[PDB]
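One structure is given below, encoded as structure tokens.
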Amino acid sequence: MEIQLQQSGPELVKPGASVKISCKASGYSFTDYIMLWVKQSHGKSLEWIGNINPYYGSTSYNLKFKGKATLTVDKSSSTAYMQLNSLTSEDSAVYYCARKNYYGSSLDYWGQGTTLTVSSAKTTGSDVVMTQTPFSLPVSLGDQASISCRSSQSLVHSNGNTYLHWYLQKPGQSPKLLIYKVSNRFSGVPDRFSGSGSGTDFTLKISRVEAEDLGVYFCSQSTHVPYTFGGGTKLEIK
Ligand SMILES: CO[C@H]1O[C@H](CO)[C@@H](O)[C@H](O)[C@@H]1O
Ligand SMILES: [Mg+2]
Ligand SMILES: [Mg+2]
Ligand SMILES: [Mg+2]
Ligand SMILES: [Mg+2]
């Protein structure tokens, strides 16, 4: 128990059917942290589905998923749920659940993810934009990487803090928090990583790229609602 979010297993369902993915929490006070859900279609970026306050059962969705996904919580068990209705081939993705803290309003803990396959086969406006540049970054190891992230609006908050974070997602893995609030390294994150920038400009730099660092980097803003993610920047070797 060190903060674990264990989601239910793979799903193969029939179109028009419903599924109900689960996220069992442990290692922390379930009721003291907001649970947020994310959708990631193959090769696509992260889509905020919506979040729930396990404490009240209060929710807020991404206009896009409202009426489609239903978030619930079972306090007596520290398990949060997301139900999907009228399933479509388009809902075939990998869904994640993640805890969002308050001090940095970043997603510090993610579940392993739940792959959903919708099929009849029986075996397998005003939202803030985040633009990541470049799309892909080929390097030779020991090389220095420098990724940039730009938002359509300033990300400074009334409190004087800027909620821009960097997540890293290694192949087949769940994304993970690297840097929160522009330049703070998350726990266990090496010093070769270092964020910077202000208002609308932000850059992630990796002085020395290493095999453990390859994967896709996502910046995300949360000083505005909804929460948005950059398209992602893939770091791979030549
Ligand atoms: C939910 O509490 C958070 O509200 C907004 C996001 O909605 C954040 O930017 C702010 O810093 C607070 O930590
Ligand atoms: Mg709503
Ligand atoms: Mg509202
Ligand atoms: Mg503060
Ligand atoms: Mg204030």
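The analysis underlying the following values was restricted to heavy atoms, covering all of them including side chains, and did not include hydrogens, waters or symmetry mates. Residue numbers run from 1 in the order of the sequence given.
- To the nearest 0.5 angstrom, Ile237 atom CD1 is 8.0 Å from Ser140 atom OG.
- Going from atom CG of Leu155 over to atom CG of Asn161 covers 12.0 Å, rounded to the nearest 0.5 Å.
- Both tests hold for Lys20 against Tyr81: distance to the six-membered ring centre under 6.0 Å, angle to the ring axis within 45°.
- Counting heavy atoms from C-beta on, the side chains of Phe186 and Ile179 never come closer than 4.5 Å.
- Judged by distance alone, with hydrogens and angles left aside, the side-chain atoms of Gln40 form no donor-acceptor pair with the main-chain N or O of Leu46 at under 3.5 Å.
- The main-chain N or O of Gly232 is found under 3.5 Å from a side-chain atom of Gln132 such that the two form a donor-acceptor pair.
- Using modelled atom types, one side-chain atom of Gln112 and one backbone atom of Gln7 make a donor-acceptor pair closer than 3.5 Å.
- Looking only at distances, a side-chain donor or acceptor of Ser151 sits under 3.5 Å from a matching main-chain atom of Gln153.
- For the side-chain hydrogen bond (donor to acceptor under 3.5 Å, both in side chains) condition, the pairs that include at least one residue of residues 180-204, sequence neighbours left out, are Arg150-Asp201, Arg192-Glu212, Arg192-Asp213.
- Once rounded to the nearest 0.5 Å, the distance linking CG of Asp91 with CZ of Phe65 reads 8.0 Å.
- Every residue two or more places apart in sequence or in another chain was checked for a ring-ring contact (aromatic ring centres under 6.0 Å, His included) with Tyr102, and none qualifies.
- Residue-environment remark: CD (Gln173) exceeds the threshold of 12 foreign heavy atoms within 6.0 Å.
- The line from OG of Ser58 to CD1 of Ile34 is 8.0 Å long, rounded to the nearest 0.5 Å.
- Under a 4.5 Å side-chain heavy-atom cut-off, the cluster of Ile, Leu, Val, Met, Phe, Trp and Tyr residues that includes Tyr56 is completed by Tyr55.
- A cation-pi arrangement is found for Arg99 relative to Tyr33, the charged atom lying closer than 6.0 Å to the ring centre and inside a 45° cone about the ring normal.
- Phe229 and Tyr167 have tilted rings, their planes meeting at an angle from 30° to 60° on a 0 to 90° scale.
- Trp48 is listed as a side-chain neighbour of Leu36, based on a closest heavy-atom distance under 4.5 Å.
- Heavy atoms of other residues, nucleotides or ligands lying less than 6.0 angstrom from NZ of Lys24 number 12 at most.
- A heavy-atom distance below 4.5 Å is not found between the side chains of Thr79 and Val73.
- With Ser45 contributing its side chain and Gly230 its backbone, the two residues share a donor-acceptor pair below 3.5 Å.
- Ring planes of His165 and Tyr163: perpendicular class, angle over 60° (limits at 30 and 60°).
- Side-chain atoms of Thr115 do not come within 3.5 Å of backbone N or O of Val94 as any donor-acceptor pair.
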